[PDB]
>>> print(open('coords_14.txt').read())   # compact mmCIF, C-alpha atoms and all ligand atoms
# COMPACT_ATOMS: atom_id res chain seq x y z
CA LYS A 1 17.49 -10.28 -8.74
CA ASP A 2 15.41 -10.89 -5.63
CA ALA A 3 17.65 -11.82 -2.74
CA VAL A 4 17.67 -15.45 -1.70
CA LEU A 5 16.46 -16.27 1.78
CA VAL A 6 17.02 -19.22 4.12
CA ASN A 7 14.53 -22.02 4.92
CA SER A 8 13.85 -20.56 8.35
CA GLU A 9 12.56 -17.26 6.92
CA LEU A 10 10.81 -18.83 3.93
CA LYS A 11 9.05 -21.36 6.13
CA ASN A 12 7.94 -18.57 8.45
CA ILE A 13 6.62 -16.51 5.60
CA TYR A 14 4.72 -19.19 3.70
CA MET A 15 3.37 -21.23 6.57
CA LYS A 16 1.05 -18.37 7.53
CA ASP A 17 -2.67 -18.45 6.62
CA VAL A 18 -4.21 -16.65 3.71
CA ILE A 19 -7.28 -14.48 3.17
CA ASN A 20 -9.49 -15.96 0.44
CA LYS A 21 -12.67 -13.90 0.19
CA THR A 22 -14.98 -12.65 -2.53
CA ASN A 23 -17.15 -9.53 -2.94
CA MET A 24 -15.24 -7.45 -0.40
CA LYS A 25 -16.05 -3.74 -0.71
CA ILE A 26 -13.08 -1.42 -0.14
CA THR A 27 -14.35 0.59 2.85
CA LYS A 28 -11.57 3.04 3.67
CA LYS A 29 -8.49 3.68 1.57
CA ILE A 30 -5.38 5.20 3.10
CA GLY A 31 -1.85 5.74 1.81
CA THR A 32 -1.00 2.59 -0.12
CA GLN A 33 -3.30 0.36 1.97
CA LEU A 34 -6.78 -0.60 0.72
CA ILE A 35 -8.92 -1.46 3.76
CA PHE A 36 -11.86 -3.82 4.02
CA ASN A 37 -14.48 -4.69 6.64
CA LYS A 52 -11.84 -8.42 11.51
CA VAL A 53 -10.29 -5.78 9.22
CA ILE A 54 -8.19 -6.63 6.13
CA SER A 55 -5.51 -4.22 5.01
CA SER A 56 -4.01 -4.80 1.58
CA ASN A 57 -0.72 -3.02 0.93
CA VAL A 58 -0.52 -2.29 -2.82
CA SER A 59 1.73 -0.23 -5.14
CA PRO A 60 1.04 3.49 -5.72
CA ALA A 61 0.06 2.44 -9.24
CA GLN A 62 -2.38 -0.26 -8.10
CA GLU A 63 -3.96 2.07 -5.52
CA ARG A 64 -5.11 4.36 -8.35
CA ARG A 65 -6.90 1.51 -10.15
CA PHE A 66 -8.98 0.71 -7.02
CA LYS A 67 -11.76 3.00 -5.78
CA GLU A 68 -13.64 2.91 -2.48
CA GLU A 69 -17.02 1.09 -2.35
CA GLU A 70 -15.57 -1.00 -5.17
CA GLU A 71 -15.97 -4.75 -4.63
CA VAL A 72 -12.77 -6.80 -4.67
CA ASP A 73 -11.96 -10.55 -4.42
CA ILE A 74 -8.98 -11.25 -2.21
CA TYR A 75 -6.46 -14.07 -2.13
CA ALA A 76 -3.41 -12.99 -0.17
CA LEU A 77 -0.96 -14.39 2.35
CA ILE A 78 -1.25 -12.71 5.78
CA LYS A 79 1.99 -10.89 6.81
CA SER A 80 0.91 -10.09 10.34
CA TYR A 81 -2.01 -9.48 12.69
CA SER A 82 -2.65 -6.78 15.27
CA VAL A 83 -5.58 -6.23 17.59
CA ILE A 84 -6.89 -2.67 17.79
CA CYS A 85 -9.74 -1.68 20.12
CA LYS A 86 -10.73 -5.35 20.37
CA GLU A 87 -10.89 -5.65 16.52
CA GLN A 88 -8.30 -7.82 14.70
CA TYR A 89 -6.41 -6.52 11.67
CA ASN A 90 -5.01 -8.85 9.00
CA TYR A 91 -2.25 -7.34 6.88
CA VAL A 92 -1.46 -8.61 3.37
CA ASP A 93 0.16 -7.43 0.10
CA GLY A 94 -2.01 -7.26 -3.01
CA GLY A 95 -4.16 -10.33 -3.73
CA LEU A 96 -6.84 -8.13 -5.34
CA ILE A 97 -8.94 -8.75 -8.41
CA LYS A 98 -12.07 -6.69 -8.98
CA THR A 99 -15.19 -8.78 -8.33
CA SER A 100 -16.42 -7.58 -11.75
CA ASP A 101 -13.13 -8.94 -13.27
CA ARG A 102 -14.14 -12.45 -12.29
CA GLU A 103 -15.11 -14.72 -15.19
CA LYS A 104 -15.44 -18.39 -14.18
CA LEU A 105 -13.26 -21.12 -15.58
CA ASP A 106 -12.49 -24.61 -14.32
CA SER A 107 -8.79 -25.32 -14.55
CA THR A 108 -6.86 -28.23 -13.10
CA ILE A 109 -3.22 -27.37 -13.71
CA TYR A 110 -0.51 -29.98 -13.22
CA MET A 111 2.66 -29.35 -11.26
CA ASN A 112 5.68 -31.23 -12.67
CA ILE A 113 8.39 -31.70 -10.07
CA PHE A 114 11.95 -32.25 -11.31
CA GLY A 115 14.99 -33.19 -9.30
CA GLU A 116 17.53 -35.97 -8.83
CA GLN A 117 15.76 -37.56 -5.83
CA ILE A 118 12.28 -37.11 -7.32
CA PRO A 119 10.70 -40.40 -8.53
CA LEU A 120 8.56 -40.44 -11.68
CA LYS A 121 5.78 -41.30 -9.21
CA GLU A 122 5.90 -37.88 -7.53
CA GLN A 123 6.87 -36.15 -10.76
CA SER A 124 3.38 -35.32 -11.96
CA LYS A 125 1.02 -36.38 -9.20
CA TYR A 126 0.34 -32.78 -8.09
CA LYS A 127 -2.41 -30.61 -9.60
CA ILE A 128 -3.68 -27.18 -8.43
CA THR A 129 -7.29 -26.36 -9.18
CA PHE A 130 -8.59 -22.85 -10.13
CA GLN A 131 -12.12 -21.72 -10.91
CA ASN A 132 -11.49 -18.21 -12.37
CA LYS A 133 -9.89 -17.29 -15.69
CA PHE A 134 -7.87 -14.67 -13.84
CA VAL A 135 -5.95 -15.51 -10.68
CA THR A 136 -3.23 -13.46 -9.02
CA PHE A 137 0.34 -14.74 -9.39
CA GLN A 138 0.53 -14.46 -5.57
CA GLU A 139 -2.21 -17.12 -5.26
CA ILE A 140 -0.46 -19.58 -7.61
CA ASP A 141 2.93 -18.96 -5.96
CA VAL A 142 1.64 -19.35 -2.41
CA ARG A 143 -0.45 -22.45 -3.10
CA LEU A 144 2.43 -24.02 -5.08
CA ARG A 145 4.88 -23.38 -2.25
CA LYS A 146 2.46 -24.65 0.44
CA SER A 147 1.86 -27.83 -1.57
CA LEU A 148 5.65 -28.35 -1.77
CA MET A 149 6.01 -27.55 1.94
CA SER A 150 3.61 -30.32 2.99
CA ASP A 151 5.01 -32.87 0.57
CA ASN A 152 6.59 -35.59 2.73
CA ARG A 153 9.37 -36.19 0.22
CA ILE A 154 10.26 -32.54 -0.42
CA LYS A 155 9.48 -30.73 2.89
CA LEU A 156 10.23 -27.35 1.31
CA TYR A 157 11.87 -24.88 3.75
CA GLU A 158 12.38 -27.50 6.45
CA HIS A 159 15.84 -27.61 8.06
CA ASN A 160 16.02 -31.21 6.83
CA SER A 161 14.76 -30.65 3.23
CA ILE A 162 16.46 -32.23 0.20
CA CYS A 163 15.78 -28.98 -1.67
CA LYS A 164 18.68 -26.63 -0.98
CA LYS A 165 17.78 -24.26 -3.81
CA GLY A 166 15.37 -24.06 -6.73
CA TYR A 167 12.76 -22.31 -8.85
CA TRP A 168 9.52 -22.99 -10.70
CA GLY A 169 7.65 -21.69 -13.69
CA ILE A 170 4.26 -21.17 -15.28
CA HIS A 171 4.58 -22.90 -18.65
CA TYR A 172 2.31 -21.11 -21.08
CA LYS A 173 0.60 -22.77 -24.02
CA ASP A 174 2.55 -20.45 -26.34
CA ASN A 175 5.69 -22.12 -24.98
CA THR A 176 6.79 -19.01 -23.03
CA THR A 177 7.57 -19.41 -19.30
CA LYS A 178 7.46 -17.25 -16.18
CA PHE A 179 10.16 -18.34 -13.74
CA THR A 180 10.30 -17.65 -9.99
CA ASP A 181 13.03 -18.31 -7.43
CA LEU A 182 11.57 -20.55 -4.70
CA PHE A 183 14.04 -19.09 -2.22
CA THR A 184 12.91 -15.49 -2.64
CA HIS A 185 9.83 -13.52 -1.52
CA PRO A 186 8.23 -11.95 -4.60
CA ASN A 187 6.79 -8.43 -4.42
CA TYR A 188 3.06 -9.13 -4.37
CA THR A 189 2.05 -5.48 -4.01
CA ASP A 190 1.56 -5.20 -7.82
CA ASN A 191 -1.41 -7.59 -8.04
CA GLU A 192 0.10 -9.31 -11.04
CA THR A 193 -2.65 -11.60 -12.46
CA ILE A 194 -2.28 -14.75 -14.60
CA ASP A 195 -4.70 -15.64 -17.42
CA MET A 196 -5.30 -19.27 -16.58
CA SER A 197 -6.56 -20.09 -20.09
CA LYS A 198 -3.08 -19.44 -21.53
CA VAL A 199 -1.35 -21.65 -18.93
CA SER A 200 -0.44 -25.18 -19.87
CA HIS A 201 1.23 -26.43 -16.67
CA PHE A 202 3.57 -25.60 -13.79
CA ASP A 203 7.22 -26.76 -13.67
CA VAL A 204 9.17 -27.13 -10.44
CA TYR A 205 13.00 -27.31 -10.64
CA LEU A 206 14.45 -28.65 -7.42
CA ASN A 207 18.12 -28.07 -6.61
CA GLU A 208 18.67 -26.18 -9.85
CA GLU A 209 20.24 -22.73 -10.15
CA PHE A 210 17.70 -20.05 -11.02
ZN ZN B 1 7.00 -27.36 -19.16
>>> encode(input="coords_14.txt", output="structure tokens")
Amino acid sequence: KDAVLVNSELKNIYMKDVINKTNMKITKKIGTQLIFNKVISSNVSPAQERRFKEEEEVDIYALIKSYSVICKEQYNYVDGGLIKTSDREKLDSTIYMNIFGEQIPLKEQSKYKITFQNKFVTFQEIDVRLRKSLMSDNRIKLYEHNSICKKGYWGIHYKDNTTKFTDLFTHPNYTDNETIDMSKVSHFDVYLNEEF
């Protein structure tokens, strides 16, 4: 299973900004990195690299891992976050986030919703936005030294009753560009202080 990390590291990882752009043509392509023109480098799996060709337009939603200036031009490094611009069908979805946990009032239980406008969204996007929403929540303060959440996980609860669970104290491997079909998603479930 993915190794559990501490608040300090998790906070550092998920507090960073994200790249959220559309119609980005892959300019250069080197190794396992798909480059775009500030320069955006997306580290992806050997498998995913094959599926993407240069000059191909890609929509990007990825958390930035680091920056580096090179010859007065800034580089933004990220893992995956790619969906072909031609793979984008529109769809308005307002998915509810149900938060469960001993200190969670019914009032905060289902007040959170995450809005999507494409039928297909990367899992990285859902995971990152869900974590950031939990991080800013005044009651929860996810990854803060002082947070009431010591451990936990969440899940995408599909309409067919199946679920996809993720440990909130781990850093998923986003290099595979896993994508979620939003039309098959019913809601999101957050399980605070519950063993994964
Ligand atoms: Zn559920």
>>> residues_near_ligand(input="coords_14.txt", ligand="ligand ZN 1 (chain B)", cutoff="10 Å", atoms="only C-alpha atoms and all ligand atoms", output="JSON, numbers by chain")
{"A": [110, 111, 112, 168, 169, 170, 171, 172, 173, 175, 176, 177, 200, 201, 202, 203, 204]}
>>> residues_around(input="coords_14.txt", residues="residue 104 in chain A", least_positions_apart="5", cutoff="6 Å", atoms="only C-alpha atoms", output="ChimeraX atom specification")
/A:131-133
>>> atom_distance(input="coords_14.txt", atom1="CA of residue 159 in chain A", atom2="CA of residue 123 in chain A")
22.5 Å
>>> residues_around(input="coords_14.txt", residues="residue 148 in chain A", least_positions_apart="5", cutoff="12 Å", atoms="only C-alpha atoms", output="VMD selection string")
chain A and resid 11 14 to 15 111 to 113 122 to 123 125 to 128 141 to 143 153 to 158 161 to 163 166 to 168 182 204 to 206
>>> atom_distance(input="coords_14.txt", atom1="CA of residue 105 in chain A", atom2="CA of residue 74 in chain A")
17.2 Å
>>> closest_residue(input="coords_14.txt", among="A:9, A:181, A:151, A:195", to="residue 102 in chain A", atoms="all atoms listed in the file")
A:195
>>> atom_distance(input="coords_14.txt", atom1="CA of residue 164 in chain A", atom2="CA of residue 93 in chain A")
26.7 Å
>>> closest_residue(input="coords_14.txt", among="A:117, A:150, A:197, A:33", to="residue 91 in chain A", atoms="only C-alpha atoms")
A:33
>>> residues_around(input="coords_14.txt", residues="residue 24 in chain A", least_positions_apart="5", cutoff="12 Å", atoms="all atoms listed in the file", output="number ranges by chain")
A: 19, 34-37, 53-56, 68-75, 95-100
>>> closest_residue(input="coords_14.txt", among="A:187, A:12, A:108, A:23", to="residue 92 in chain A", atoms="only C-alpha atoms")
A:187
>>> closest_residue(input="coords_14.txt", among="A:64, A:199, A:146, A:52", to="residue 86 in chain A", atoms="only C-alpha atoms")
A:52
>>> residues_around(input="coords_14.txt", residues="residue 63 in chain A", least_positions_apart="2", cutoff="10 Å", atoms="all atoms listed in the file", output="MDAnalysis selection string")
chainID A and resid 29:34 56:61 65:67 94 189:190
>>> write_last_selection(input="coords_14.txt", atoms="C-alpha atoms", output="PDB file, in the frame of the given file")
ATOM      1  CA  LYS A  29      -8.490   3.680   1.570  1.00  0.00           C
ATOM      2  CA  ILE A  30      -5.380   5.200   3.100  1.00  0.00           C
ATOM      3  CA  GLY A  31      -1.850   5.740   1.810  1.00  0.00           C
ATOM      4  CA  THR A  32      -1.000   2.590  -0.120  1.00  0.00           C
ATOM      5  CA  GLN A  33      -3.300   0.360   1.970  1.00  0.00           C
ATOM      6  CA  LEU A  34      -6.780  -0.600   0.720  1.00  0.00           C
ATOM      7  CA  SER A  56      -4.010  -4.800   1.580  1.00  0.00           C
ATOM      8  CA  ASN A  57      -0.720  -3.020   0.930  1.00  0.00           C
ATOM      9  CA  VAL A  58      -0.520  -2.290  -2.820  1.00  0.00           C
ATOM     10  CA  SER A  59       1.730  -0.230  -5.140  1.00  0.00           C
ATOM     11  CA  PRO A  60       1.040   3.490  -5.720  1.00  0.00           C
ATOM     12  CA  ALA A  61       0.060   2.440  -9.240  1.00  0.00           C
ATOM     13  CA  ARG A  65      -6.900   1.510 -10.150  1.00  0.00           C
ATOM     14  CA  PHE A  66      -8.980   0.710  -7.020  1.00  0.00           C
ATOM     15  CA  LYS A  67     -11.760   3.000  -5.780  1.00  0.00           C
ATOM     16  CA  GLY A  94      -2.010  -7.260  -3.010  1.00  0.00           C
ATOM     17  CA  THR A 189       2.050  -5.480  -4.010  1.00  0.00           C
ATOM     18  CA  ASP A 190       1.560  -5.200  -7.820  1.00  0.00           C
TER      19      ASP A 190
END
>>> decode(input="coords_14.txt", residues="range 16-35 of chain A", atoms="N, CA and C atoms", output="short mmCIF file (atom, residue, chain, number, x, y, z; two decimals), in the first residue's frame")
data_model
loop_
_atom_site.label_atom_id
_atom_site.label_comp_id
_atom_site.auth_asym_id
_atom_site.auth_seq_id
_atom_site.Cartn_x
_atom_site.Cartn_y
_atom_site.Cartn_z
N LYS A 16 0.72 23.59 -2.60
CA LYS A 16 1.23 24.18 -3.83
C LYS A 16 0.13 24.49 -4.86
N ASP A 17 0.44 25.35 -5.82
CA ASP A 17 -0.54 25.73 -6.84
C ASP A 17 -0.66 24.65 -7.88
N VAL A 18 -1.64 24.80 -8.76
CA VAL A 18 -1.84 23.81 -9.80
C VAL A 18 -1.80 24.50 -11.15
N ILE A 19 -1.66 23.71 -12.20
CA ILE A 19 -1.70 24.21 -13.57
C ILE A 19 -3.09 23.76 -14.00
N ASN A 20 -3.86 24.65 -14.59
CA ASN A 20 -5.21 24.32 -15.03
C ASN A 20 -5.39 25.04 -16.37
N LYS A 21 -4.91 24.41 -17.44
CA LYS A 21 -4.98 25.03 -18.75
C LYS A 21 -5.60 24.12 -19.80
N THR A 22 -6.11 24.71 -20.86
CA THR A 22 -6.73 23.93 -21.92
C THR A 22 -6.03 24.20 -23.26
N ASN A 23 -6.22 23.30 -24.23
CA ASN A 23 -5.61 23.46 -25.55
C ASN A 23 -4.12 23.77 -25.52
N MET A 24 -3.36 22.94 -24.81
CA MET A 24 -1.92 23.11 -24.72
C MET A 24 -1.30 22.04 -25.60
N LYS A 25 -0.62 22.50 -26.65
CA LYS A 25 0.05 21.65 -27.63
C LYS A 25 1.39 21.16 -27.09
N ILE A 26 1.60 19.84 -27.10
CA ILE A 26 2.84 19.26 -26.61
C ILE A 26 3.90 19.72 -27.60
N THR A 27 4.83 20.57 -27.16
CA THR A 27 5.86 21.08 -28.06
C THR A 27 7.03 20.11 -28.24
N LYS A 28 7.74 19.84 -27.16
CA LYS A 28 8.85 18.90 -27.21
C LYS A 28 8.38 17.72 -26.39
N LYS A 29 9.09 16.61 -26.47
CA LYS A 29 8.71 15.42 -25.74
C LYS A 29 10.02 14.72 -25.49
N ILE A 30 10.41 14.59 -24.22
CA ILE A 30 11.68 13.96 -23.91
C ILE A 30 11.69 13.04 -22.68
N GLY A 31 12.09 11.80 -22.90
CA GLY A 31 12.17 10.81 -21.83
C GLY A 31 10.82 10.28 -21.40
N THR A 32 10.31 10.85 -20.32
CA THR A 32 9.02 10.48 -19.76
C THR A 32 8.26 11.79 -19.50
N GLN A 33 8.90 12.91 -19.86
CA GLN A 33 8.33 14.24 -19.69
C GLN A 33 7.71 14.73 -20.99
N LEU A 34 6.50 15.27 -20.91
CA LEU A 34 5.82 15.84 -22.08
C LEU A 34 5.86 17.35 -21.80
N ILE A 35 6.57 18.09 -22.64
CA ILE A 35 6.75 19.52 -22.47
C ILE A 35 5.79 20.40 -23.26
#
